[PDB]
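Analysis of the macromolecular model
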Amino acid sequence: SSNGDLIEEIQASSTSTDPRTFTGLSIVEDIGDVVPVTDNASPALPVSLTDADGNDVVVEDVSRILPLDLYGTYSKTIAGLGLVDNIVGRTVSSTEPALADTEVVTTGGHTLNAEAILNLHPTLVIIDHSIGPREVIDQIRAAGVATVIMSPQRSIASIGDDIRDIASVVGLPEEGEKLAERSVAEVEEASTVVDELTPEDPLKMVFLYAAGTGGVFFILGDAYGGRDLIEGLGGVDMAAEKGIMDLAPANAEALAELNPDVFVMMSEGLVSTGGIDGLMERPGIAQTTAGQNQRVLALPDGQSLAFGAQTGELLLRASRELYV
Ligand code: HEM
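As documented in the archive entry, the model was determined using X-ray crystallography at 1.30 Å resolution.

If you look the protein up in the PDB entry, it shows as ABC-type transporter, periplasmic component from Corynebacterium glutamicum ATCC 13032. For the protein, the Sequence similarities (unreviewed entry) comment in UniProt is given as "Belongs to the bacterial solute-binding protein 8 family."

Throughout the structure, instances matching the rule amount to zero aromatic pairs. Stacked on the ring of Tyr-71, the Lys or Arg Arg-154 has its end atom at 3.4 Å from the ring centre.

We now examine the sheet that holds strand β8 (residues 147–149). Strand order in the open sheet made by the three strands is β4-β7-β8, with parallel pairing throughout. Of all the strands in the sheet, just β4 (65–68) and β8 have a single pairing partner and so form its edges. Between one strand axis and the next, the sheet turns by 10 degrees as a mean value, whatever way the strands run. Both strand β7 (residues 124–127) and β8 contribute to a ladder of three bridges, which runs parallel. Bridge pairing links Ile-126 to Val-148 in β8.

In this structure, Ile-126, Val-170 and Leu-229 are the most contacted members of the largest nonpolar core, which totals 77 residues. Residues within four places of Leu-229 in sequence aside, it is in contact with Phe-207, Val-264, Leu-299, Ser-304, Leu-305, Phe-307, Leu-314 and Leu-315. Counting residues in hydrophobic clusters, the runner-up holds 23 residues, among them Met-238, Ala-239, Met-265 and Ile-276.

Right, let's get into the UniProt feature "binding site: heme b 3" (unreviewed entry) in the protein. UniProt records the feature "binding site: heme b 3" (unreviewed entry) for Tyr-209 in the present numbering. For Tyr-209, the position within the fold is in strand β9 (residues 204–210). Excluding residues that lie within four positions of it along the chain, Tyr-209 makes contacts with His-110, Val-216, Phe-217, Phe-218, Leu-220 and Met-266.

Cut-offs used in this document
- Residues numbered from 1 in each chain as written, not as in the entry; some residues may be left out.
- Heavy atoms only, no water.
- Residues with missing side-chain atoms left out of burial classes, pairs and counts.
- UniProt positions renumbered as here; feature names shortened; annotations may be inferred.
- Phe/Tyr/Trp six-rings, centres within 6.5 Å; stacked < 30°, edge-to-face > 60°.
- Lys NZ or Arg CZ within 6 Å of the ring centre and 35° of its normal.
- Pairing = 2+ DSSP bridges.
- Helix = DSSP H or I, 4+ residues; strand = E, 2+ residues; numbered from the N terminus.
- Axes fitted to C-alpha atoms, helices over the stretch in contact; angles between N-to-C directions.
- Core = buried A, V, L, I, M, F, W, Y, C linked by side-chain atoms within 4.5 Å.
- Buried < 20%, exposed > 50% of the residue type's maximum accessible area, 1.4 Å probe, protein only.
- Contact = heavy atoms within 4.5 Å.

Okay, here's the thing in structure tokens:
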């Protein structure tokens with residue numbers, strides 16, 4: 001097991017303690033680059049496919065890839081398959097160390113910039129509608145860039161299938177199968193450990209998204225996949241209990257209604273609202289159980305909702321902070 005040392009450490013450390021008595025910030029450090037399944041990936045090209053929007057695409061050259069999304073998944077999967085050196089641009093969400101010097105093709109957060117994309121002379125764009133504008137995606141295709149729209153399932157159960165889908169696009173089915181199986185083994189193993197750590201009465205959680213000290217401050221719902229993360233950590237997602245399907249402003253009324261025990265956040269996002277002290281100034285935060293315990297689990301932004309290959313490790317690291 002790639003997470004074997006971590007699992008052994010967790011099993012040796014005590015969890016008789018009541019996690020409802022823990023206070024303060026817990027921050028999970030960056031997990032780093034995905035370990036590739038091969039050092040000699042040899043894409044079997046060309047590939048013909050029909051993408052998630054119904055577009056027929058031929059992928060004939062994967063030398064210059066733009067793997068773009070909101071969550072940071074595709075760039076990590078591409079590296080896991082053996083093609084990290086082929087990535088020529090990224091969004092702000094693909095924060096993994098291997099891409100730190102790679103050109104960023106989004107502006108103002110997540111807005112696709114056509115000029116930045118086309119100036120990189122990509123041979124393949126892998127993207128989904130988690131980012132836009134849609135019109136920019138259309139412009140890139142119209143400029144002659146092979147563009148493949150994905151629609152990943154983004155559940156823990158589908159980590160392997162989402163990997164296999166990416167692998168098919170780039171003509172690496174064997175690497176896809178290896179990476180899928182490794183990643184699913186790691187998540188199931190993590191879950192066995194999480195189940196041993198969790199309290200009988202699960203912790204109530206919400207995923208709080210922040211960008212700055214103003215109104216970009218949301219409870220994330222079904223569409224963003226945080227339920228999958230929260231339940232993977234042994235929690236109950238209060239957004240799911242309330243039926244939030246997209247996102248909702250994290251105003252005083254919503255926070256009082258949801259009343260989580262833990263806020264799950266992204267670490268750079270938390271910094272952007274002034275850290276835990278800045279968070280505690282926001283209306284309604286301090287009045288929740290989580291606020292009263294200053295209880296925040298901050299996860300590396302570009303891994304937090306990426307799922308993919310490193311999900312198991314994320315769950316183990318995060319659960320250690322919740323329960324040990
Ligand atoms: C759910 C997954 C998401 C992830 C992983 C993510 C990640 C990030 C990251 C890593 C940054 C970079 C901060 C920086 O510029 O230094 C950022 C910025 C930003 N995000 Fe997101 N984001 C997500 C969702 C959203 C959503 C739903 C919105 C708005 C509805 C949003 C709006 C912004 C804005 C406005 C910025 C710019 C902040 C700045 O100038 O620094 N993001 N995001």
